[PDB]
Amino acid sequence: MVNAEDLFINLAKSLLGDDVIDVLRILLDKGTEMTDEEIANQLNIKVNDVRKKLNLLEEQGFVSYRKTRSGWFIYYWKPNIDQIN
């Protein structure tokens, strides 16, 4: 990898905003699943615009989610970078 945590943040940019690239980041950082809340709490931004970014990337394929049902369904996000290789 090495030049893939960038060849990733680059393919993103040239495709979506930058508002988005910020999200993909925290993900690439933590290195384990995250949830709009998290990506929103430890960043500081409306969880709404956070989820807005996620679905935009998701649509392109820079992230994948999993909703797993303590009452309440939950979606977890991860960076599809390994798939990039």
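All residue numbers refer to positions in the sequence shown, first residue = 1.
In this entry, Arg69 and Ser70 are separated by 1 to 3 residues of the deposited sequence that lack coordinates. Ranked against the other modelled residues of its chain, the C-alpha B-factor of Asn48 as given in the entry falls in the middle third. Sort the modelled residues of the chain by CA B factor and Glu59 lands in the lowest third.
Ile39 sits in the highest third of its chain by CA B factor, as recorded in the PDB entry.
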